[PDB]
Amino acid sequence: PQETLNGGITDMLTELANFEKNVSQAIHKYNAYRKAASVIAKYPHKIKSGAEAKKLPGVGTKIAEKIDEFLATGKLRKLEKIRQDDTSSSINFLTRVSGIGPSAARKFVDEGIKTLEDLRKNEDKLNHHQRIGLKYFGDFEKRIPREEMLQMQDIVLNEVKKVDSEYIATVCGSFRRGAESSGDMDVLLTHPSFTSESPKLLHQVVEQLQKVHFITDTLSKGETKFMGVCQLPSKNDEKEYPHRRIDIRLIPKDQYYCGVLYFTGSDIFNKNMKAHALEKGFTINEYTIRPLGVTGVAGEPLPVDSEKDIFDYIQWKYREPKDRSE
DNA sequence: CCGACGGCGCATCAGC
DNA sequence: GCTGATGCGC
DNA sequence: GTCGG
Ligand SMILES: Nc1ncnc2c1ncn2[C@H]1C[C@H](O)[C@@H](COP(=O)(O)CP(=O)(O)OP(=O)(O)O)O1
Ligand SMILES: [Mg+2]
Ligand code: NA
Ligand code: NA
C-alpha cells in the first residue's frame with residue numbers, strides 16, 4: 001500500500017527501532033519495533049486508532065499508545081527529545097559506518113568523536129573494517145540497479161568458471177528473486193571436491209576477482225566466507241561506478257541447494273517454510289533437511305541435489321524465486 | 001510472571 | 001603464545 | 001516490546 005497511508009507511523013516505529021539497537025543496545029526491542037513497522041506497512045487501510053493497530057500481530061499495548069499520541073499530535077515527544085540529543089543522535093549516526101556497531105559508536109562519542117569528519121581525523125582509532133566503511137560511507141548506502149547486478153553476475157560467473165570449470169556459482173538474495181534493485185551481492189559457491197565428508201577453493205576465486213580488479217577491498221576472509229568490496233569497470237569519460245558490498249560463501253556440495261534455498265529468501269519465506277516442513281515431520285535449516293522421529297529425534301540429513309528435492313520431501317510443489325516474497 | 005526472540009564466520013579483544 | 005569472549009554483520 | 005507457555 002502507499003506510504004501516505006501509514007508512513008508517519010511506520011517512520012516513527014523505524015526510528016524507534018534504530019535508537020533501541022544503536023543507543024540502548026536492546027536488539028530484541030529493535031526487532032519488536034521492526035516487526036510492528038512491517039505488519040503496519042502491509043496493512044491496507046489508514047489506521048485511525050491505536051486500538052485498530054493493536055489487532056495486528058506484533059503491535060502491543062505500548063505501540064498502540066504511541067500511535068494514539070502520533071495521531072492526535074502529529075509527533076512523539078520522546079522521539080522529538082531523542083532527535084535533539086547530541087549524544088544519542090551522534091551515536092546513532094556513527095553506526096551507519098560499516099564495522100562501527102553500538103559498542104564502537106558509544107566509545108567514539110564518549111571521547112568527542114561524533115562526525116565523519118572526526119573519524120577522518122582519527123584513523124589510528126579505527127580498525128580495518130571501520131576504515132573501509134568510512135572510505136565508502138556514501139557508496140554503501142546506495143542501492144544497486146538490477147542492470148548493474150547483471151553486469152556484476154556476468155563478471156563473477158565468468159571469472160569463477162575461468163578458475164575451474166567444475167565450480168558451481170549462484171548469485172542469490174533479492175536478485176535471484178527477480179528484484180529491480182539490490183542492497184549488495186550474495187554469491188554461493190561449491191565444487192565437487194568439497195563435501196561434508198571431505199581449503200583453498202574460496203581463496204582461488206577471491207584471488208581471480210582481485211586480479212581483474214573487480215574486488216577492491218577485503219572486510220573479512222576465511223576458508224568458507226568472504227566479505228568485501230567490488231566495483232564495475234568504468235568506460236573512459238564515463239562517471240565511475242560506486243563501490244558495492246559483495247559476500248562469497250563456499251558451501252559443501254551436499255548442503256549446497258539447502259543453502260541456495262535459504263540465501264535466496266525472503267526471510268519471511270524461509271521462516272514461513274520452516275513451518276510446513278515441521279508439520280510434515282521435517283526440520284530444515286540453511287544446511288540440511290532432516291526427518292523427525294516419533295519423539296522428535298532428528299534423523300540423518302536427507303539427500304538433496306536440487307531445490308525441488310526439498311519441496312518434494314515436504315510434498316510441496318516448486319515455487320520459483322519469483323514467488324518467494326512470502 | 002517471565003524467558004524467547006537465529007546462530008555462526010571472522011576479526012579482534014581479554015585473560016591466562 | 002593459546003583459548004574463549006565479544007563485536008559485528010548478515 | 002510482544003508473545004505465549
Ligand atoms: N533477519 C534475517 N533472518 C533470517 N534470514 C535472513 C535475515 N536477513 C537476511 N536473511 C537471509 C535471507 C536473505 O535472502 C539472505 C541475505 O540477506 P541480505 O542482507 O543480503 C537481503 P536480500 O534478501 O539479499 O535483500 P537485499 O540484499 O537486496 O537488500 O540471508
Ligand atoms: Mg543481498
Ligand atoms: Na555499522
Ligand atoms: Na548500521
Side-chain angles (χ1 to χ4, degrees), chain A residues 9 12-40 50 53-67 76 78-79 91 94-108 124-134 136 140-141 172-175 182-189 199 202-203 206 217-229 244-252 255 258-259 262-275 283-288:
Chain A
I9 294 172
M12 164 182 77
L13 294 174
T14 297
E15 200 166 344
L16 287 176
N18 287 338
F19 285 106
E20 294 295 348
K21 200 222 314 167
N22 311 320
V23 186
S24 301
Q25 299 185 35
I27 190 60
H28 304 299
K29 297 205 190 179
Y30 159 79
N31 291 315
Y33 277 126
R34 281 181 48 232
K35 176 182 190 187
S38 295
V39 71
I40 281 174
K54 197 170 177 306
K55 303 203 290 257
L56 306 170
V59 176
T61 300
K62 305 270 219 126
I63 292 175
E65 294 180 7
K66 286 176 166 63
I67 286 170
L76 212 187
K78 97 151 154 271
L79 199 47
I91 288 179
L94 292 185
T95 67
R96 291 162 57 185
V97 177
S98 182
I100 298 179
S103 177
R106 176 162 305 284
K107 290 164 65 162
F108 286 136
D124 55 300
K125 295 166 175 297
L126 268 49
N127 67 30
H128 181 72
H129 186 147
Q130 288 164 348
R131 286 163 179 157
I132 298 305
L134 172 61
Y136 302 118
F140 287 178
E141 293 198 338
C172 299
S174 67
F175 173 81
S182 293
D184 61 19
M185 169 171 283
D186 294 277
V187 185
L188 271 57
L189 180 68
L202 183 54
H203 173 81
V206 177
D217 309 83
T218 303
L219 295 172
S220 58
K221 181 170 104 64
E223 294 177 19
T224 58
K225 187 176 78 169
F226 171 89
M227 305 178 65
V229 186
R244 310 298 198 174
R245 282 275 298 104
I246 180 172
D247 291 350
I248 301 169
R249 293 176 220 265
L250 181 75
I251 305 163
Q255 306 184 153
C258 276
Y262 176 85
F263 290 99
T264 294
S266 59
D267 18 66
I268 298 204
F269 172 82
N270 293 159
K271 189 290 162 183
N272 289 337
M273 169 184 183
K274 181 146 39 237
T283 184
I284 290 170
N285 59 37
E286 50 186 281
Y287 315 103
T288 58

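Chain identifiers are assigned alphabetically (A, B, ...) following the order of the sequence lines, protein sequences preceding nucleic acid strands; residue numbering begins at 1 within each chain.
- For the pair A:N31 CG and B:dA4 P, the interatomic distance rounds to 16 Å; values are reported in whole Å.
- Residue A:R249 has no polar side-chain atom (N or O) positioned under 4.0 Å from OP1 or OP2 of C:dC10.
- The one candidate from A:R245, A:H129, A:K221 that meets the side-chain contact (heavy atoms from CB on, under 4.5 Å) condition with A:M227 is A:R245.
- Spacing between B:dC5 and C:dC10 at atom P, rounded to whole Å, works out to 23 Å.
- Between the side chain of A:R244 and the backbone N or O of A:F140 there is no donor-acceptor pair closer than 3.5 Å.
- Among the heavy atoms of the strands, none lies under 4.0 Å from A:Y30.
- Set against C:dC8, D:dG1, B:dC10, the side chain of A:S220 has B:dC10 as its closest nucleotide.
- Atoms CD (A:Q255) and P (B:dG9) sit 11 Å apart, rounded to a whole Å.
- OP1 or OP2 of B:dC10 sits under 4.0 Å from a side-chain N or O of A:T224.
- For A:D247 and B:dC10, the CG to P distance is 12 Å, given to the nearest whole Å.
- Using a 4.0 Å heavy-atom criterion, one finds that A:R245 contacts the sugar-phosphate atoms exclusively.
- Note: CE (A:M185) to P (C:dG9) measures 21 Å, nearest angstrom.
- A:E20 comes within 4.0 angstrom of nothing in the nucleic acid, heavy atoms only.
- Judged by distance alone, with hydrogens and angles left aside, the side-chain atoms of A:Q255 form no donor-acceptor pair with the main-chain N or O of A:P252 at under 3.5 Å.
- The side chain of A:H128 lies closest to B:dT12 when the candidates are C:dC8, B:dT12, B:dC8.
- Judged by distance alone, with hydrogens and angles left aside, A:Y262 brings a side-chain donor or acceptor within reach of the base of B:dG6, the pair sitting under 3.5 Å.
- Of the inter-residue distances, the one linking A:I132 atom CD1 with A:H128 atom NE2 reads 4.5 Å to the nearest 0.5 angstrom.
- For the side chain to side chain donor-acceptor pair (under 3.5 Å) criterion with A:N31, the lone passing option out of A:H28, A:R34, A:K35 is A:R34.
- Within 4.0 Å of A:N285, counting heavy atoms only, lies no atom of the nucleic acid at all.
- Residue A:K29 has a polar side-chain atom (N or O) positioned under 4.0 Å from OP1 or OP2 of D:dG1.
- Regarding A:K107, its NZ atom lies at a distance of 9 Å from the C1' atom of B:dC13, rounded to whole Å.
- With B:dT12, B:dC8, D:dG1 as the candidates, the nucleotide lying closest to the side chain of A:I63 is D:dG1.
- Put simply, CD on A:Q130 is 8 Å from P on C:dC8, counting in whole angstrom units.
- Distance from the side chain of A:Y33 is smallest to D:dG1 among C:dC8, D:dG1, B:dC10.
- A sub-4.0 Å separation between OP1 or OP2 of D:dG1 and a side-chain N or O of A:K62 is present.
- Within the 4.0 angstrom heavy-atom criterion, no nucleotide atom of any strand lies near A:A26.
- Summarising the geometry, the separation between NE2 on A:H203 and P on B:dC10 is reported as 14 Å, rounded to the nearest angstrom.
- Counting any heavy atom pair closer than 4.0 Å across all strands shown, A:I27 reaches no nucleic acid atom.
- A positive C1'-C2'-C3'-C4' torsion places the sugar of C:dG1 in the north, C3'-endo-side range.
- Minimum atom distance to the side chain of A:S103 is reached by C:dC8, of the listed C:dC8, B:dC10, B:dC5.
- Between D:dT2 and B:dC8, the two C1' atoms lie 26 Å apart (nearest whole Å).
- No donor-acceptor pair under 3.5 Å is formed between the side chain of A:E20 and the backbone N or O of A:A26.
- Looking at the side chain of A:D186, the nearest of the listed nucleotides C:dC10, D:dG1, B:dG9 is C:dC10.
- Of the candidates D:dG1, B:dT12, C:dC8, the closest approach to any side-chain atom of A:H28 belongs to D:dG1.
- A:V97 comes within 4.0 angstrom of sugar-phosphate atoms only, judged by non-hydrogen atoms across all strands, and of no base.
- Taking atom CD of A:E286 as the reference point, atom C1' of B:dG7 lies 8 Å away to the nearest angstrom.
- Side-chain contact between A:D217 and A:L219: absent, with no pair of heavy atoms (C-beta onward) separated by less than 4.5 Å.
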